[PDB]
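Trainee:
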Ligand SMILES: [Cl-]
């Protein structure tokens, strides 16, 4: 896939939680009209200048509209921004790892 | 805030040639491996029209003669070949971050063959005169290039005061410009003179195009 | 058929307020951002903000924070923009647009806002008749306020050869002219009429061009 990025908005269904492997889990629900589309996801430093962590979820896609999508990622140690969706209404979540 | 710098402010391109409009961002407009900048076209009296999204994705229904290119901070819009209908103002926009910002705009002038104006003079209407007004109207239509000067004469004497001029935007079909010149006088001054002259001077002739009427 | 129908042109005194409307149809109103863009006369575009009608989420450009207020009504599929403590810098065309995908795909026709203490006055419409081969006729739309006016020929039937000139401002009043060029065979045998509309004064004038 092949699908284009979701153009609409996301709602946080499950807030960031740390796993036993130090990774993070989040659940977001799509609100727009892209039907199946790739979730725009990126982890950055606080100045939004460098891309940092890695996605564990291979290619997160919205399958259904009103169904949450699980996203798991390995953030960098310290402070980072978990960025989800396009602007306006892009989610920018703070995270501190160990 | 991201600043979008468009250059040039304006450019004249001959029909069938290539037009390249530049647009530069003050910071990277990239996110998720995509460039969050887009190109719009605005024709006079109309809302803007989206041409290209995400730097290079042509909108449905827009001719493939329009192409977007670029990443991070440097972007270009290319129109090739340039057509008459392309006479408009082009804007770039970023929506990588809030507030979304636009460029200042680039006016694309379509460069065609020189054409002399079609001059028409009109006396004040009876309706206007019955209400104490007297406007003498002169149309200078379908000319190229845009540069033209109008001179009014009342019984052979030049008149500068009370003259209002207005130019149209470039015609989307024939690439020409048109202009209207209105000489407003009092019913009294109008009624005390006979000869009213509208003299147009354009690149197309060394001699001025002269249209007139006598109040008789 | 995606459509955004905006409310008509408005005049307001300095320090007053206006509430503009944008009726959306042809799509799920609650599944897209509805955005507002400002264009001052002879100037560029500026993004005011966006509203997500599904939950009333807004994003404003800082400069418009105190100035503009975005609301939306789910039931009537209508978005509104309220502009407060009006000043001359607020005189502009206000567009509503749908952010259909990655950018603004569908736009409303725009609402013109004139901030002035000047009095709304209807225009005087005068026929311009000649005193050969192709004949030029015209209409003079004199002394109106505020902008805009709508000029048509034969209720829109005559579209080719028409030149409606930008208005010129003199003594707080606008004056505009429109010309129509038609074959000699078509005038005066067939009627030529200019149709002038001034929304602010609720004026609609049809002026037949009769030969001199
Ligand atoms: Cl946008």
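Chains as they are written, first to last, in the authors' numbering: chain G, 297 to 394; chain B, 1 to 216; chain A, 1 to 131, 137 to 217.
Every residue gets a Cβ at the ideal spot worked out from N, C-alpha and C, and that includes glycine.
(1) Under the rule that 16 or more other beta-carbon atoms within 10 Å means buried, what is residue 101/B, buried or exposed?
(2) Which bits of chain A does residue 328/G rub up against, with CB to CB less than 8 Å?
(3) According to the neighbour-count rule (16 or more other Cβ atoms, all chains shown, within 10 Å of its Cβ), is residue 142/B buried or exposed?
(4) Is residue 103/A near ligand 1, in the sense that its beta carbon is under 7 Å from a heavy atom of that ligand?
(5) Which residues, in chain order, does the region 100-117 of chain A contribute to contact with chain G at a C-beta distance below 9 Å?
(6) Is it right to say residue 59/A is buried, meaning 16 or more other beta carbons lie within 10 angstroms of its own, or is it exposed?
(7) Got a sec, what are the start and stop residues for the alpha helix (DSSP H) residue 126/B sits in?
(8) Which same chain residues end up closer than 6 Å to residue 7/B when comparing Cβ atoms and leaving out the 5 residues on each side of it in sequence?
(9) Can you tell me whether residue 189/B is helix, strand or coil according to DSSP?
(10) Please tell me whether, using a cut-off of 7 Å, the distance from the CB of residue 99/A to the nearest non-hydrogen atom of ligand 3 is below it.
(11) Helix, strand or coil for residue 341/G? Go by DSSP, reduced to three states.
(12) Kindly indicate which residue of 344/G, 308/G, 361/G, 375/G has the alpha-carbon position closest to the one of residue 31/B.
(13) Would you verify that the beta carbon of residue 46/A is, or is not, closer than 8 Å to some beta carbon of chain B?
(14) Indicate whether at least one CB of chain B lies closer than 8 Å to the CB of residue 301/G.
(15) For the region 12-42 of chain B, which residues have a CB atom closer than 8 Å to at least one CB atom of chain G, in sequence order?
(16) So is the beta-carbon of residue 95/B under 7 Å away from any non-hydrogen atom of ligand 1?
(17) According to DSSP, simplified to helix, strand and coil, what is residue 332/G?
(18) With H, G and I counted as helix, E and B as strand and the rest as coil, what does DSSP make of residue 205/A?
(19) Assuming residue 226/B contacts residue 126/A under a Cβ cut-off of 8 Å, what Cβ separation, rounded to an integer in Å, is found between them?
(20) Name the chain G residues whose beta carbon is nearer than 8 Å to that of residue 28/A?
(21) Any chance the CB of residue 65/A is under 7 Å from a heavy atom of ligand 1?
(22) Go to residue 314/G, then tell me how far its beta strand (DSSP E) extends in each direction, as first and last residue.
(23) Does residue 140/B get closer than 8 Å to chain A when you measure Cβ to Cβ?
(24) Using three-state DSSP, classify residue 70/B as helix, strand or coil.
(25) Using beta-carbon positions only, say whether residue 201/B and residue 212/B come within less than 8 Å of one another.
(26) Is any heavy atom of ligand 1 found at a distance shorter than 7 Å from the C-beta of residue 35/A?
(27) Compute the distance between the beta-carbons of residue 301/G and residue 336/G, then report whether it is under 8 Å.
(28) Go through the region 13-48 of chain A residue by residue and report every complete run of the alpha helix (DSSP H) that reaches 4 residues or more, in order.
(29) Listed in chain order, which residues of the region 117-128 of chain B have Cβ atoms closer than 7 Å to some Cβ of chain A?
(30) Taking 8 Å as the cut-off, does the region 8-21 of chain A touch the region 152-168 of chain B (at least 3 CB pairs, one atom from each stretch)?
(31) Helix, strand or coil for residue 159/A per DSSP?
(32) When you compare each of 329/G, 350/G, 319/G to residue 100/A by their alpha carbons, which one comes out closest?
(33) Does the beta-carbon of residue 100/B, which I'm using as the reference point, lie nearer than 7 Å to any heavy atom of ligand 1?
(34) Is the Cβ of residue 143/A closer than 8 Å to any Cβ of chain B?
(35) Can you list the residues of chain B that residue 336/G reaches, using a CB-CB cut of under 9 Å?
Mentor: Well, looking at it:
(1) Here residue 101/B refers to the residue found at position 101 when the second chain is read from its first residue. Buried: at least 16 other Cβ atoms inside 10 Å.
(2) Position 32 of the first chain, counting from 1, holds the residue named residue 328/G. Correct list: 31, 32.
(3) One-based indexing of the second chain puts residue 142/B at position 142. Its Cβ being crowded by 16 or more others within 10 Å, residue 142/B is buried.
(4) Taking the third chain and counting its residues from 1, one reaches residue 103/A at position 103. Indeed, a heavy atom of ligand 1 lies less than 7 Å from the Cβ.
(5) 100, 101, 102
(6) Working through the third chain from its first residue, we reach residue 59/A at position 59. Label assigned to residue 59/A: buried.
(7) Walking along the second chain from the start, residue 126/B turns up at place 126. Segment 126-129, the alpha helix (DSSP H) holding residue 126/B.
(8) Taking the second chain and counting its residues from 1, the one referred to as residue 7/B is at position 7. Within the same chain, residue 7/B has close Cβ partners 22.
(9) Counted from its first residue, the second chain places residue 189/B at position 189. Here residue 189/B sits in helix by DSSP.
(10) Of the ligands this structure carries, namely ligand 1, none is ligand 3.
(11) Position 45 of the first chain, counted from the first residue, corresponds to residue 341/G. Coil, per DSSP.
(12) As a working mapping, residue 31/B is identified with position 31 in the second chain. Ranking the options by Cα distance to residue 31/B, first place goes to 344/G.
(13) In the third chain, the residue the question calls residue 46/A occupies position 46. Closer than 8 Å: yes.
(14) Within the first chain, numbered from 1, the residue matching residue 301/G stands at position 5. Yes, residue 301/G counts as interfacial toward chain B.
(15) 31, 32, 34, 36
(16) Taking the first residue of the second chain as position 1, residue 95/B is located at position 95. True, at least one ligand heavy atom lies under 7 Å from that Cβ.
(17) Your numbering for residue 332/G matches position 36 in the first chain. DSSP places residue 332/G in coil when its eight states are reduced to three.
(18) Here residue 205/A refers to the residue found at position 200 of the third chain. In this structure, residue 205/A counts as helix in the three-state DSSP scheme.
(19) Missing from the structure shown is residue 226/B; chain B here goes from 1 to 216 and no further.
(20) Within the third chain, the letter at position 28 stands for residue 28/A. Those are 329, listed as they occur along chain G.
(21) Residue mapping note: residue 65/A aligns to position 65 of the third chain, counting from 1. Every heavy atom of ligand 1 is 7 Å or more from the Cβ of residue 65/A, so no.
(22) Residue mapping note: residue 314/G aligns to position 18 of the first chain, counting from 1. Its beta strand (DSSP E) spans residues 306-314.
(23) As a position in the second chain, residue 140/B is number 140, starting the count at 1. Chain A contact via Cβ: absent.
(24) If you number the second chain from 1, residue 70/B lands on position 70. In this structure, residue 70/B counts as strand in the three-state DSSP scheme.
(25) To locate residue 201/B, count along the second chain from 1; it is residue 201. To locate residue 212/B, count along the second chain from 1; it is residue 212. Against a cut-off of 8 Å, the Cβ pair of residue 212/B and residue 201/B comes out as no contact.
(26) By one-based count along the third chain, residue 35/A stands at place 35. Yes; taking the cut-off as 7 Å, the Cβ of residue 35/A has a heavy atom of ligand 1 nearer than that.
(27) The count along the first chain starts at 1 and reaches residue 301/G at position 5. The count along the first chain starts at 1 and reaches residue 336/G at position 40. Contact flag set, yes.
(28) none
(29) 120, 122, 123, 125, 127, 128
(30) no
(31) Here residue 159/A corresponds to residue number 154 of the third chain, with the count starting at 1. Residue state, collapsed to three classes: helix.
(32) As a first step, residue 100/A must be located in the third chain, where it is residue number 100. Minimum Cα distance to residue 100/A is reached at 329/G.
(33) Stepping through the second chain from its first residue, residue 100/B is reached at position 100. Indeed, a heavy atom of ligand 1 lies less than 7 Å from the Cβ.
(34) Taking the third chain and counting its residues from 1, one reaches residue 143/A at position 138. Yes, its Cβ sits closer than 8 Å to a Cβ of chain B.
(35) Here residue 336/G corresponds to residue number 40 of the first chain, with the count starting at 1. Residues of chain B passing the Cβ test: 31, 32, 34.
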